[PDB]
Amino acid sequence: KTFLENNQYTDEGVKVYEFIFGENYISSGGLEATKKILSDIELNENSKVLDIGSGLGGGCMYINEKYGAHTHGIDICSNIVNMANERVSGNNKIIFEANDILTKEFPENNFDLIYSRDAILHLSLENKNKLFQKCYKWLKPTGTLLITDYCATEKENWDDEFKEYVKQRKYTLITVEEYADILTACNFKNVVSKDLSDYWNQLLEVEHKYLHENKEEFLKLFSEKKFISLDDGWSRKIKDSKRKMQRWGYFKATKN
């Protein structure tokens, strides 16, 4: 919690990410990607949804808007939850809670959809497995697990630059195939994994173009130093996704 709040997700860090990803988002593709990721998902006003790593709340906002579903977002960063809370009012079907998902308890057979977007990369391998075991219990018999997450080629293939990025971020990045195998080992059914690295590359390019075309505005809100860091960061993701060193994984599975 302290590592994340004092580094990657300081208040300013979150605002910089939001500038490039889009209002209410701090992960890949913002609203447009969310529309696509949820395009084949069916829920209604009676559905219960858990968003693991809910961030600024964009995903809960969209799911509630699209389906009328009850949404409950959990995020470990209290500053981010505070921001999320500031942007939703008068809606008793959107709840945000500051807590570590690894210690959170929910009733078994509780959720119609457990949803997570680029959050589980923060967890160690041991903790990814522990989390998915919890998710299995927490899903309703008829429920669905829906995840996007940063993945990577096998570690043996990483270059110096990518090693440094992963180290600095304290990410644990595994292959798409390894990730799918964890879900299978947790007894999820109908496990579908997709390597969406090409689509991710397209999303990164749109964001990179946006950053460049709105540089003046960015400099006013932030600084040239932060612009350079962001610009170079996206440049590396574009290069590394093109060559499949850094990947974007999509996973969907059911309890039965």
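Numbers for residues come from their place in the sequence shown, where the first is 1.
Look at the C-alpha B-factors of 149 to 157 and of 98 to 106. On average they run higher in 98 to 106. The PDB entry records a higher mean C-alpha B factor for 88 to 96 than for its counterpart among 88 to 96 and 171 to 179. The entry assigns its greatest Cα B factor, within the set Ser193, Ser28, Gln202, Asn214, to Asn214.
Comparing the C-alpha B-factors of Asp118, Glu126, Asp112, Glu164 in the entry, the top value falls on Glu164. Ranked against the other modelled residues of its chain, the C-alpha B-factor of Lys237 as given in the entry falls in the middle third.
When all modelled residues of the chain are sorted by CA temperature factor, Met83 is found within the highest third.
In the deposited entry, the Cα temperature factor of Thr142 places it in the highest third of its chain's modelled residues. Ranked by Cα temperature factor within the chain, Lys220 sits in the highest third according to the deposited record.
When all modelled residues of the chain are sorted by CA temperature factor, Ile37 is found within the highest third.
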